[PDB]
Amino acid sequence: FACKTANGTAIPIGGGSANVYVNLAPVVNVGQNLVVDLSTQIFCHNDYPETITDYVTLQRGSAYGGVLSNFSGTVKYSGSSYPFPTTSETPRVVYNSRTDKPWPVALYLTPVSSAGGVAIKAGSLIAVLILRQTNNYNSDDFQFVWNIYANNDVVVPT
């Protein structure tokens, strides 16, 4: 089991960590969502699907910088919705193919009432999402840690 990002980097067998940049709508009002869809960027696959079944959860989602201070959020993982930052590990998604399949995580962030001005800075760390991977074959229990960075400033109209 391993993961990579679209035109980007890879995390190899056994787990590890990688930095991911995201495009964000440059202006967002109170009552609107920033939708950060990671499923177009993070792709994983199973290395021996004929004999092994891989299990993948979102173990935790944390907020950082302007997201932590200026937004409230939910995370959508494989069709279900949860508070972001998260309160517990999600159920599992099955990976059973050598073919790249997306990691189905999306963040919906909405500006808090105190948010105003540049609420997220270009280049800043905004989130960490931890993918946890196990199987039906051995004791493997690995973490794939995704550091999420803002590509552009996001302004909350005052």
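We call the rigid core whatever largest set of C-alpha positions still superposes within 1.5 Å between the two forms. Residue positions are given as counts along the sequence shown, with the first one as 1.
- With 19 to 27 and 6 to 14 as candidates, the stretch whose CA atoms show the greater average offset from this form in 7 other deposited structures of this protein after a core fit is 6 to 14.
- Two stretches are in play, 121 to 129 and 27 to 35, and the higher mean C-alpha B-factor belongs to 27 to 35.
- Relative to its counterpart among 147 to 155 and 4 to 12, 4 to 12 has the higher mean temperature factor, C-alpha atoms as listed in the PDB entry.
- As recorded in the PDB entry, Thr53 shows the highest C-alpha B-factor of the residues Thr53, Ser62, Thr57, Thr40.
- The PDB entry gives the largest Cα B-factor of the residues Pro91, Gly66, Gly116, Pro104 to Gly116.
- Among the modelled residues of its chain, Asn135 has a C-alpha B-factor that falls in the middle third according to the deposited record.
- Compared with the other modelled residues of the chain, the Cα B-factor recorded for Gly79 ranks in the highest third.
- When the modelled residues of the chain are ordered by C-alpha B-factor, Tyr95 sits in the lowest third.
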